[PDB]
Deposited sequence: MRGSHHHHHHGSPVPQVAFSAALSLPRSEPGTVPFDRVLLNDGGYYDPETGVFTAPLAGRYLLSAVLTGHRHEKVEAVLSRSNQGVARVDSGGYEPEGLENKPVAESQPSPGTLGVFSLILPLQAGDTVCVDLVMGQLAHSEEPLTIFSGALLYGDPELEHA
């Protein structure tokens, strides 16, 4: 079959927001699949997919590292301003969910950056089984 799924959204709100930023730029993503408002990414794709996250510089320090399902830790989108970090590929389980850790030092500063999260389907698993 052909899952033909693509997904990508852009954030550009005006100024001071009440908290974290949602996404109003629907560029391409009918099913949505991964809500960037909560970051709860439910990926049924099953296959090989191209993921790309935009890394804010923020040289003021702190450690950003997104959790990865099945191992926790695992920085695929690593930002240092059984466990390893990867960027190109994407070892993800069917239905599993990814979550961002954003807490590595309390005494810090207050800020609200912006981030773009795109990720398009490249190839899906076409059975590929052999009894």
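Trainee: Walk along the deposited sequence from position 1 and note every stretch that has no C-alpha coordinates.
Mentor: Several stretches lack coordinates - namely 1 to 12, 94 to 112, in sequence order.
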